[PDB]
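Undergrad: The following block contains the structure, expressed as structure tokens.
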Protein chains: 2
Amino acid sequence: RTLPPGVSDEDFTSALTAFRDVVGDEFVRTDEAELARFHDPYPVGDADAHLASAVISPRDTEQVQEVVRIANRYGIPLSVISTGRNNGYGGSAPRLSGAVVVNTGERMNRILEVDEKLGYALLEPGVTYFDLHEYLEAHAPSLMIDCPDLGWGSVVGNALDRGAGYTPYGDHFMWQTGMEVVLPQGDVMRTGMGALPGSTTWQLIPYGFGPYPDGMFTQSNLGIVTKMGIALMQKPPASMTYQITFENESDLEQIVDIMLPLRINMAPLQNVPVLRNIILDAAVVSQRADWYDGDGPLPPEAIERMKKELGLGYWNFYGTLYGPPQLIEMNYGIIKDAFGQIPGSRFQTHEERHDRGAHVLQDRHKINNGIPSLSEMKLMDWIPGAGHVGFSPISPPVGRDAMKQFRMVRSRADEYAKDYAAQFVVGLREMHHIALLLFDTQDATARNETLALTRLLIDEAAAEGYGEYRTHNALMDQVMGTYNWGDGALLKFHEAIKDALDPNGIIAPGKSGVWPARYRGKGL
Amino acid sequence: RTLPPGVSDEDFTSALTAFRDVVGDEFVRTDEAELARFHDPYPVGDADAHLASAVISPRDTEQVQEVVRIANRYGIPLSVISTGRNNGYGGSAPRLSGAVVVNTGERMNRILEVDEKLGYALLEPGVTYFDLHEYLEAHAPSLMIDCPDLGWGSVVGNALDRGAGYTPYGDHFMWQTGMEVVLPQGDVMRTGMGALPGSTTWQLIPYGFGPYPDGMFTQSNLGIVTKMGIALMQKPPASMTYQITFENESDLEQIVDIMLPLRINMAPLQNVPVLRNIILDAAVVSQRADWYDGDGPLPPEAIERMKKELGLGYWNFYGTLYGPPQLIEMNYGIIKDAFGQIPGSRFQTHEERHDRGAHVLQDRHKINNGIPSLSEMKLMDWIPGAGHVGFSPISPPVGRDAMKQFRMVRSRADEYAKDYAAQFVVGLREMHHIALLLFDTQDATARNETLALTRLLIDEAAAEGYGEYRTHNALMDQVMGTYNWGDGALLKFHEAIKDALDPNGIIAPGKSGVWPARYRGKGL
Ligand SMILES: Cc1cc2nc3c(=O)[nH]c(=O)nc-3n(C[C@H](O)[C@H](O)[C@H](O)COP(=O)(O)OP(=O)(O)OC[C@H]3O[C@@H](n4cnc5c(N)ncnc54)[C@H](O)[C@@H]3O)c2cc1C
Ligand SMILES: Cc1cc2nc3c(=O)[nH]c(=O)nc-3n(C[C@H](O)[C@H](O)[C@H](O)COP(=O)(O)OP(=O)(O)OC[C@H]3O[C@@H](n4cnc5c(N)ncnc54)[C@H](O)[C@@H]3O)c2cc1C
Ligand SMILES: COc1cc(C=O)ccc1O
Ligand SMILES: COc1cc(C=O)ccc1O
């Protein structure tokens, strides 16, 4: 029977009773079959790391406060999910193995308010991108969401891990406006203009008066968020999505150097541009076995067969244009002129291309217009038992940096028997190298190889000045360990704040490598 | 001889010696004549409130750390300035009367780095908007700053109070990217991607890994900032600034309701739109005595005389358009069509109007193109000894709310013998009512009346759900007191963090109403 670390069988029995006394017997789950549902689907080390001792589903803010107070009484560590679909980063699994999962999304799943004219929503954690899309289409159709690739995630949960989408509102944390948060001893606070009783402005300016705190609750164990506002973009009058195929792996350098000047002013590259390699485009519409059934990495002739059969390049650029048709034509003209300088570049619109090779184009056209999709889950059929772990370091949006990272990561992936499926994404002034490290989750050796590969990728990236933005439970200590300027000054600051707010060391211990005192330096 | 609160003459002597040993004799100032220079120029209520006991000018980060350690040893409270031009909010005056001022800007005044292609600067606190503008014009001329009305302020200091300008980069804190900060016991830390030694990305993404903390150092006493990055916008190929005059004070409702839909998508209102009343337009180019020399409020016929003589409306709208001249013409066309629905509206371009009444138009044309100015200081010649206090609550960008505020504020201003000079500003989805309450700083009665008026304005605004964004030393306790959702949960959070980071209660005690334990509840 899984016990939280540092809690006696007796204290755990007492805590479960107290939790049931608040949320109801139905909403305290301890059966192995119910706990198995919160397993990381894509485990990277031992599959048995990151287990839940229980899952608690509080009805509302008041119940969150009371479960937090009970946790403080009995020293119960509590991890937190909204929808818990953080796949690539641990799913719903706690960093601290044996923690009790607070499932905020199961019961706190209401769209509390949508203002169509001022363009915002006030939301609870259980609202999925599908849920909010459905609500806006029925009740506020001039607005659109900004969604990640998969719509089953939480508008709140994704933003609290600083996740991202691909519309002009792609930076989810940027558009987060106002929070209600239960602090680690059970006090509730509203941020920003929400701290002013009766304010009408909670969702229209992020800051409020005095220190601005909301960011301290993102990639954070300082609070359980119960309500979160987000700004919503107005649907433009029209949109068009285009694909640019580039023949040569060496085109990456010139693509990035043309991309930056066209994105940095948010026009003509109006949405978040993505540059996907042949493998993460081919893997949506085909299986690895379709191209190659030998052992070792995919040979060049397998890559060439994918390009030819599917009509794709080694690098595949996807962008969306918004506005009246005259603006779209004009901006597309500038884009075609700029990227057309690259020999072998080919341009297709979402209304021009409708074949197997256009599947990603049509999906990006949904995503880039705030229409949520689960099409990208087909990537997980590339190989049997496929799982991914996220690797997404930040670099300057400079072709030379792109080429260095492309070569560094692919050569290590080849060495560790993992296919090189990756994209380069430029937000505004920053570049992300998002590598989908696909592995057989059912194979202990493949899980070990993926963990070893990722630790090596993080260290080599950090040595080049490229820090990881978001990581898996298994990598959080290592990634925080790379941000050790001033003899670990950033982590010492985080620890000082964690220990002051959370003296009993209750909320999601080890999230982002930040351990409260009672669990720190204990090797977990 | 001014002593800090809670420090013996002996401990103060010891501290000043240790400070001289670090920064140099010349950079520890205690002469009454040098201290008088750090007096609030626009004191509200008692002029003698908010005195400095000394001013310390550290050469660099290392000296800031050592002066902070000395302060911790001797319990010396230390306030902070960059350029100390926070006029309307206390100037360089400490919230805690008798604090020692850390003058970061005097010697830490270097532009450390400007990247033209990636559009950012890394700066020290002493860099003024004039300094940065001059540097860009000489060494990176494709970039422009975003400046407030007066260029003598600090790019860093203004951002740390969440100040604002009027280009698309008007939200200074939003474009702040990376900080170096000395924490209250003397530890130094870098935020974001700067926490990774050798990172190449400090100024190109704000967040980093783990809880995002930079907002906690704005309107804050949690540390002394020694370096700050800021993103810099590319100069567009062309710009035009326009003035719309509106005849009727009652036009405000329709102006705000037309403004919001044209701004919320950042086009066609591409810059920060400002709507200035006759008095803050007239006060730049004339004196109150020019229009009226009787006692009591300005009569309506005095307002009408200002309008006609200067060719101004009751409400004067200023906006800027950017892009190729065809985009400017097109956007200006949409703006003229929309606001032209208001009878009596008149449109003038920065190339069409060059008379006394076009002074503000030509100044906005500079400011809205990141050309810093001191023209708005002419406002302080309105009446003899003029000073102002800032009142700037946030509201929904809705005409009804604007009208309510206009009337509430003007009515009270009349009662308290102060002219209503104000503007309405829409950032994106929020509105600011920025009232410049002008008063005779040399007149004890006028200072007392201004403080009484502002306390009343804050309470009445708060009762309507309109919170203050930024305030004077004298008002910080009251303003924080209005953000008291959940029995003051926000301030209790800020106090918990202050006491953890600052156990000896050293940095800018009482900033934003946040007092460390040793000074809290002592009425100062
Ligand atoms: C093929 C594939 C594609 C992906 N594409 C993208 C993509 O385009 N963009 C993207 O951003 N991600 C992407 N992901 C990663 C991940 O799937 C999504 O980010 C997903 O939306 C996150 O899970 P969630 O929304 O259910 O959040 P959750 O799992 O509910 O929460 C995420 C984290 O936030 C914190 N948390 C959640 N709720 C609270 C709360 N109430 N209070 C305090 N803390 C809380 C916890 O740390 C938690 O682990 C992708 C993954 C895969 C496998
Ligand atoms: C007529 C008039 C017009 C104005 N127009 C505008 C305007 O358009 N926009 C606007 O924003 N303001 C405006 N102001 C207010 C004010 O003049 C400006 O904001 C000014 O730029 C602020 O002073 P500063 O830049 O010198 O900053 P400082 O006074 O140096 O710093 C401001 C505050 O930041 C903190 N701080 C400073 N340095 C540090 C540091 N190194 N570490 C930690 N904390 C620090 C302190 O709390 C300090 O009080 C106006 C004022 C007047 C009188
Ligand atoms: C697992 O992390 C991510 C995955 C993707 C798509 O593969 C995009 C952004 C991410 O953060
Ligand atoms: C006095 O403070 C301010 C003044 C102005 C312009 O008068 C704009 C924003 C401010 O915060």
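Just remember, in the structure tokens the first chain shown is A, the second B, etc., residues are 1-based per chain, and ligands are 1-based in the order shown.
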Which parts of range 194-412 of chain B does DSSP call alpha helix (DSSP H) when run on the backbone here, written out as a PyMOL selection string?
TA: chain B and resi 252-263+278-282+300-310+325-339+359-367+399-412
Undergrad: At a cut-off of 6 Å, using only C-alpha atoms, what residues contact range 45-47 of chain B? Leave out same-chain residues fewer than 3 positions from it and give the result as a list in words.
TA: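 Final neighbour list, sorted by chain and number: residues 447, 448 and 451 of chain B.
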Undergrad: What do you get as a list in words if you pick all residues at most 9 Å from ligand 4, counting only C-alpha atoms and all ligand atoms?
TA: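 So the residues close to ligand 4 are residues 86, 87, 88, 89, 148, 149, 162, 163, 164, 165, 280, 376, 388, 389, 390, 391, 392, 422, 423, 425, 432, 434, 435, 436, 437, 469, 470 and 471 of chain B.
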Undergrad: Just the selected residues (N, CA and C atoms), exported as a compact mmCIF listing (two decimals), in the first residue's frame, please.
TA:
# COMPACT_ATOMS: atom_id res chain seq x y z
N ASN B 86 10.57 60.22 -9.50
CA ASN B 86 9.20 59.65 -9.34
C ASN B 86 8.23 60.75 -8.87
N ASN B 87 8.23 61.88 -9.57
CA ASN B 87 7.47 63.10 -9.23
C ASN B 87 5.99 62.80 -9.42
N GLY B 88 5.19 63.16 -8.43
CA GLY B 88 3.77 62.78 -8.33
C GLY B 88 3.58 61.61 -7.39
N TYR B 89 4.67 60.89 -7.07
CA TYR B 89 4.65 59.69 -6.20
C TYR B 89 5.67 59.80 -5.06
N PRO B 148 8.03 57.53 -21.14
CA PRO B 148 6.93 58.27 -20.55
C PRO B 148 7.00 59.73 -21.04
N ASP B 149 6.15 60.59 -20.51
CA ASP B 149 6.12 61.99 -20.92
C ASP B 149 7.43 62.73 -20.75
N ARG B 162 6.22 49.94 -12.50
CA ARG B 162 5.30 49.63 -13.63
C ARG B 162 4.74 50.92 -14.24
N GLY B 163 5.62 51.87 -14.56
CA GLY B 163 5.33 53.03 -15.40
C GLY B 163 5.09 52.61 -16.84
N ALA B 164 4.74 53.57 -17.68
CA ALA B 164 4.24 53.30 -19.04
C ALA B 164 4.54 54.45 -19.98
N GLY B 165 4.68 54.10 -21.26
CA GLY B 165 4.72 55.04 -22.38
C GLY B 165 3.61 54.74 -23.35
N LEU B 280 -5.60 69.83 -19.20
CA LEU B 280 -4.19 69.34 -19.26
C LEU B 280 -3.59 69.62 -20.65
N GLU B 376 6.27 68.52 -21.39
CA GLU B 376 5.11 68.42 -20.46
C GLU B 376 5.43 69.06 -19.11
N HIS B 388 2.14 68.30 -8.49
CA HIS B 388 1.05 67.41 -8.68
C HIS B 388 1.17 66.09 -7.94
N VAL B 389 0.03 65.46 -7.69
CA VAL B 389 0.00 64.16 -7.08
C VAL B 389 -0.75 63.29 -8.08
N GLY B 390 -0.30 62.06 -8.24
CA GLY B 390 -0.95 61.15 -9.16
C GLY B 390 -2.16 60.41 -8.64
N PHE B 391 -3.22 60.40 -9.41
CA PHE B 391 -4.40 59.66 -9.08
C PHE B 391 -4.69 58.98 -10.40
N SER B 392 -4.71 57.66 -10.43
CA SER B 392 -4.83 56.93 -11.68
C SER B 392 -5.57 55.59 -11.62
N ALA B 422 -7.29 66.05 -16.52
CA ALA B 422 -7.22 64.62 -16.59
C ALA B 422 -7.30 64.02 -17.95
N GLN B 423 -6.90 62.77 -18.03
CA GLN B 423 -6.98 62.06 -19.26
C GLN B 423 -7.47 60.64 -19.09
N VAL B 425 -6.96 56.87 -20.66
CA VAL B 425 -6.02 56.11 -21.47
C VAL B 425 -6.42 54.65 -21.55
N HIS B 432 -7.44 53.81 -17.85
CA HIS B 432 -6.85 54.55 -16.78
C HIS B 432 -7.42 55.97 -16.76
N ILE B 434 -6.23 59.18 -15.47
CA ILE B 434 -5.09 59.81 -14.88
C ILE B 434 -5.34 61.28 -14.62
N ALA B 435 -5.59 61.60 -13.37
CA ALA B 435 -5.85 62.96 -12.98
C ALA B 435 -4.63 63.66 -12.43
N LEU B 436 -4.31 64.78 -13.01
CA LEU B 436 -3.22 65.56 -12.50
C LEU B 436 -3.81 66.59 -11.58
N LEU B 437 -3.67 66.37 -10.29
CA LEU B 437 -4.22 67.29 -9.32
C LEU B 437 -3.16 68.31 -8.98
N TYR B 469 -3.62 52.14 -9.38
CA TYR B 469 -2.56 51.35 -10.05
C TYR B 469 -1.18 51.66 -9.46
N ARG B 470 -1.01 52.89 -8.99
CA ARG B 470 0.31 53.44 -8.61
C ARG B 470 0.04 54.66 -7.73
N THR B 471 0.78 54.84 -6.64
CA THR B 471 0.42 55.96 -5.74
C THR B 471 1.66 56.53 -5.07
Undergrad: If we count only C-alpha atoms, which residues of chain B reach to within 7 Å of chain A? Please list them as a VMD selection string.
TA: chain B and resid 118 188 to 189 193 195 to 201 204 to 205 208 to 213 215 to 220 395 to 396 429 to 430 465 to 470 480 482 to 486 489 to 490 496 to 497 500 to 501 512
Undergrad: Which neighbours of residue 137 in chain A fall inside 12 Å, counting only C-alpha atoms, when residues of the same chain fewer than 6 positions from it are skipped, and could you give them as a ChimeraX atom specification?
TA: /A:114,116,130-131,143-145,235,370-371
Undergrad: Could you write those residues out with N, CA and C atoms, as a short mmCIF file (atom, residue, chain, number, x, y, z; two decimals), in the first residue's frame?
TA:
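Written file, selection37.cif:
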data_model
loop_
_atom_site.label_atom_id
_atom_site.label_comp_id
_atom_site.auth_asym_id
_atom_site.auth_seq_id
_atom_site.Cartn_x
_atom_site.Cartn_y
_atom_site.Cartn_z
N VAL A 114 -17.69 34.77 -19.25
CA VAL A 114 -17.09 35.16 -20.55
C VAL A 114 -17.66 36.53 -20.89
N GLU A 116 -17.73 38.96 -23.92
CA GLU A 116 -17.46 38.96 -25.37
C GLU A 116 -16.83 40.28 -25.80
N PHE A 130 -11.34 22.06 -25.47
CA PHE A 130 -12.59 21.64 -26.15
C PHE A 130 -13.78 22.34 -25.48
N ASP A 131 -13.85 22.29 -24.15
CA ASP A 131 -14.96 22.90 -23.36
C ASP A 131 -15.08 24.38 -23.71
N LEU A 143 -15.15 35.41 -30.35
CA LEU A 143 -13.86 35.11 -29.68
C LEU A 143 -13.34 33.74 -30.14
N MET A 144 -12.05 33.52 -29.96
CA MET A 144 -11.44 32.20 -30.16
C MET A 144 -10.43 31.96 -29.03
N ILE A 145 -10.21 30.68 -28.73
CA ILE A 145 -9.19 30.24 -27.75
C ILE A 145 -7.82 30.24 -28.42
N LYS A 235 -11.80 36.69 -33.19
CA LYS A 235 -11.65 36.07 -34.53
C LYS A 235 -11.46 37.17 -35.54
N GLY A 370 -7.68 28.54 -33.34
CA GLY A 370 -8.27 28.23 -32.03
C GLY A 370 -9.35 27.18 -32.15
N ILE A 371 -9.20 26.25 -33.08
CA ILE A 371 -10.10 25.07 -33.18
C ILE A 371 -9.31 23.88 -32.67
#
